[PDB]
Every structure is written in C-alpha cells, then in structure tokens.
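Okay, here we've got a single chain as structure tokens, the form deposited in one PDB entry, with questions on binding and movement later.
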C-alpha cells in the first residue's frame, strides 16, 4: 500500500499517534516517531512490522526542537512523504480563570506546531510531487464545550489552517486534510476507566458515563480506526480530498 513511503507522526510514542503509526507501518511505510519516554519499545512495536523507524524526542512547543525533528527525518529518510500532525494537550477551566501559561501551551502544541510541521514538510512534498498532510484535530475544531477555551480555539485554528493548505496545494498532488475525532480510547481515558474498576466499578459503565453527554453511540473511536482513515487519505482515492475536516465522532456533531 505505502511501500516506499515515509510517514512522520507527532506524539506517536503512545495512544492515537502510535495507533496511526502502527497502521501505516503495516501498510509498508517507514516511520519517524516522536514523543516522550524510552522510545525502544515504540520503535520495536514499529520495526516488528518489517519497516524502518527512527525517533526524535522533540517538544513541539519549542520551534528549534521541531526543526531538529524534521532535520532528523531529512537525514535518515530523505524527507517525509506523509505528515501526521497529532497533538499534545488539554486543560479545563472557565475562560476568565483560564491560566495564561496553559492558553499559550495549548496554542503552541495544538495549533502552531501544525504550522511548523507543515512549513517544514511541504517543500519536499512539492518537489517530489506527492504528499499527504493529515492534521488530527477534534470535534472541538467544529464546536465548543464549556471549560475548553484554548483547546477549542487551537483545534478550530487547525481546521482553518487545513483549509488554507488544502487550497494552496490544490493544483498539485499534495493534499492536506483534518480528521476530527470525538472521544477516543487513549491511555489517559483508559486510565480513568481502570481507576474506576480498581475502586470496584464496572469498566463499561464508566465508559457509558464518560460518553453519555456528548457521544450518542456510547462507543469509543479507536486509534486503529483513525489509522485506517489516515491510510485511506493516503490512497489514490484520497487524491481529490483537499482541505476537508472529516469527523469520526459517534454522532457528536450530528446533533
């Protein structure tokens, strides 16, 4: 499928990023992983698919470090064919009490990192006349929730940026799109559930409690589901999908 391609997935040492990375690896792509932690387990999870991988620990709020991450991709793989901008971080507080440092960090990681990844990957994509930029946004790139000022702003910004990049690259074989997930089973969400079960509560009940307000299906989107969508967007059938923001959300945005 993607034999001969290289994908860079940000925040891919765990959760959504890792799930997407795994699907792409199985499809035959070499992977540039990024994220916190010993990367030996993550690299091994990719390499066991019979593909090459490297990792860079870049903190994507630091532009110098994002530059280092792309310089590594250029050195080891000759540049990125497929960039997955996957991100960071959340903080909940009413707008008037929303911490200034948390606003700045959420903007830096969830929004500005996407611009920097994009400006760094796009020249090589154009030069090779083939490329895919996939921005993992959120239902919160299309609607708001209480307590999430910075995250909703940042994710809406990503949806907007995606449109501009989709338009700028429209006459080329490079596309840029966004996927907007609802509730996803991440290690953090799984921890919330496990913490309920450790107290003695029922894990499925904990899930239904978490999802009831916003997600009609009461069922999680999985990293595997998102990886499969990324894989679709990288296919020939994705060639005229441009500047789109496709929601995978168990009905969140339908109401």
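Here, rigid core means the biggest group of C-alpha atoms that superpose within 1.5 Å across both forms. Positions refer to the first chain, counted from 1.
Beyond what is shown, the protein has a form deposited in another entry; the following relates to that form.
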### Query
Which listed residue, 216, 187, 57, 50, is the one whose CA shifts 2 angstroms or more between this form and the one not shown with the rigid core aligned?
187
### Message
Taking 2 Å as the cut-off, check whether the CA of residue 30 shifts that much or more between this form and the one not shown after a rigid core fit.
### Response
no
### Query
For residue 225, is the C-alpha shift between this form and the one not shown 2 Å or more after core superposition?
no
#### Entry: CA of residue 202, rigid core aligned, shift of 2 Å or more between this form and the one not shown
yes
### Query
Given a CA distance change of at least 3 Å, are residue 224 and residue 201 closer or farther in the other entry?
farther
## Note on the structure
Taking the shown form as reference, the Cα pair residue 224 and residue 197 shifts by 3 Å or more in the other entry and sits farther
